[PDB]
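Chains as they are written, first to last, in full-length UniProt numbering: chain A, 619 to 722; chain B, 619 to 721; chain C, 619 to 720.
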Amino acid sequence: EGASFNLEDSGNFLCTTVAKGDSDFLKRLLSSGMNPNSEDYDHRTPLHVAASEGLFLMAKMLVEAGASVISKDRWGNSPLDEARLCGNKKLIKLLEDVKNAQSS
Amino acid sequence: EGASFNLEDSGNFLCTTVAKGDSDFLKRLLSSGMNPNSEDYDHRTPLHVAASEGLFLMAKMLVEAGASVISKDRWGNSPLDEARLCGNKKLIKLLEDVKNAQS
Amino acid sequence: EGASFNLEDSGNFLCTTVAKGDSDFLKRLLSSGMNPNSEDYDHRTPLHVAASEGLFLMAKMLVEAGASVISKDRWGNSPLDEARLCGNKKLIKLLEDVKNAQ
Numbered sequence: 619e620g621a622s623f624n625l626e627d628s629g630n631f632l633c634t635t636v637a638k639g640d641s642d643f644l645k646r647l648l649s650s651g652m653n654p655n656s657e658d659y660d661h662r663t664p665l666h667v668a669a670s671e672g673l674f675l676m677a678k679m680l681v682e683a684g685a686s687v688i689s690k691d692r693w694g695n696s697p698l699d700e701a702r703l704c705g706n707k708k709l710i711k712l713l714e715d716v717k718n719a720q721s722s
Numbered sequence: 619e620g621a622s623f624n625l626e627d628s629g630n631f632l633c634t635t636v637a638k639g640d641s642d643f644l645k646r647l648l649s650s651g652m653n654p655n656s657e658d659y660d661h662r663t664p665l666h667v668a669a670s671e672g673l674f675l676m677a678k679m680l681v682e683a684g685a686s687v688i689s690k691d692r693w694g695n696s697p698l699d700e701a702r703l704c705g706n707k708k709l710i711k712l713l714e715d716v717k718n719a720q721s
Numbered sequence: 619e620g621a622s623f624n625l626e627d628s629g630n631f632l633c634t635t636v637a638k639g640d641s642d643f644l645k646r647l648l649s650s651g652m653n654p655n656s657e658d659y660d661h662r663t664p665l666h667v668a669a670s671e672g673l674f675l676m677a678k679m680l681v682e683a684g685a686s687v688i689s690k691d692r693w694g695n696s697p698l699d700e701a702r703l704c705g706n707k708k709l710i711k712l713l714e715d716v717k718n719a720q
């Protein structure tokens with residue numbers, strides 16, 4: 619029927635969901651695809667939160683939803699920067715390649 | 619009756635509520651004794667959000683609730699430090715006074 | 619029923635309420651029909667006081683109500699001038715956007 623949350627701050631609710639860490643909840647949400655990424659009160663997209671948290675599965679799944687890596691938090695840090703800070707090889711490679719491609 | 623909040627992620631919900639910016643509604647939460655020390659997934663206190671955004675009044679009441687200002691976030695900046703980054707002289711003033719009390 | 623505030627020294631009361639800093643009280647006040655365009659005896663709008671105090675959330679409520687950004691104070695200073703004195707860059711930006719719109 620064309621399911622779409624379209625909730626108030628649904629992307630910010632995804633920031634709160636990455637705070638929850640429920641990858642299944644997130645997968646079903648992003649299957650409904652309410653929002654790819656949206657800045658939180660810290661101006662951090664849910665991709666920022668996942669990348670800083672090292673949640674590579676959630677971050678890759680958000681990138682599949684459309685969470686951009688060129689977005690930067692309140693302190694001008696992209697999710698790629700957070701992933702590089704974390705040091706997650708798979709997540710670092712994913713965000714490096716995706717953001718470098720996104721620049722073009 | 620002693621009914622408490624018992625609400626999941628009190629810190630993150632407080633960050634969200636301060637983000638809304640309803641000073642009297644936060645005050646009503648405080649009349650229910652709302653969680654003084656709070657933090658979201660980025661370890662950012664609602665004090666952090668208020669100070670980075672310069673919400674001096676919200677931070678004023680929240681600190682009145684007994685909120686820890688020396689507490690820092692994922693970035694290692696306290697709400698005092700976040701206000702210093704934002705340069706809210708009045709908010710820096712209040713947070714510094716309460717910190718000198720706390721230190 | 620068409621309630622109107624009809625309260626003496628409305629601008630002065632609004633400046634004093636900005637001094638109170640109760641954002642919810644002012645939100646409900648100016649959303650109940652009161653106009654914050656009115657200034658005080660010092661011709662300072664409540665927007666003037668908010669901008670000098672750097673009360674961005676409070677001044678944003680104020681502007682949405684209709685508090686003039688190009689109105690001057692007793693000393694001939696706009697709320698934009700008050701924002702520049704405060705040092706709040708973002709407040710300066712929205713006040714400049716409003717002056718251009720107005």
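Beta carbons are placed, not taken as given, at the ideal position from N, Cα and C, and that holds for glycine.
CB-CB length for residue i against residue j, believed under 8 Å
i              : j              : result
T663 (chain A) : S641 (chain A) : Incorrect: roughly 17 Å between the Cβ atoms, too far for contact.
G672 (chain B) : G705 (chain C) : Going by Cβ atoms, the distance from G672 (chain B) to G705 (chain C) rounds to 11 Å, so no, they are not a contact pair.
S650 (chain B) : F623 (chain B) : 7 Å
Reduced DSSP secondary structure (H/G/I, E/B, other) of residue i
i              : result
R646 (chain A) : helix
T663 (chain A) : coil
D627 (chain C) : coil
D658 (chain C) : coil
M652 (chain C) : coil
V716 (chain B) : helix
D691 (chain B) : coil
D699 (chain C) : helix
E619 (chain C) : coil
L709 (chain B) : helix
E682 (chain B) : helix
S670 (chain C) : helix
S641 (chain C) : helix
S721 (chain A) : helix
Any C-beta of chain A under 7 Å from that of residue i
i              : result
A677 (chain B) : no
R702 (chain B) : no
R662 (chain B) : yes
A637 (chain B) : yes
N630 (chain B) : yes
Residue i, buried or exposed, once every other Cβ within 10 Å from all chains shown has been counted against 16
i              : result
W693 (chain B) : buried
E619 (chain B) : exposed
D691 (chain A) : buried
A637 (chain C) : exposed
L703 (chain C) : exposed
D715 (chain C) : exposed
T634 (chain C) : exposed
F643 (chain C) : exposed
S628 (chain C) : buried
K711 (chain A) : exposed
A621 (chain B) : exposed
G684 (chain C) : exposed
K645 (chain C) : buried
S696 (chain C) : buried
Min CB distance residue i to chain B below 7 Å
i              : result
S641 (chain C) : yes
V667 (chain A) : yes
Residue i and residue j closer than 7 Å at C-beta
i              : j              : result
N630 (chain B) : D660 (chain B) : no
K717 (chain B) : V681 (chain B) : no
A669 (chain B) : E626 (chain B) : no
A677 (chain A) : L709 (chain A) : yes
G639 (chain B) : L665 (chain C) : no
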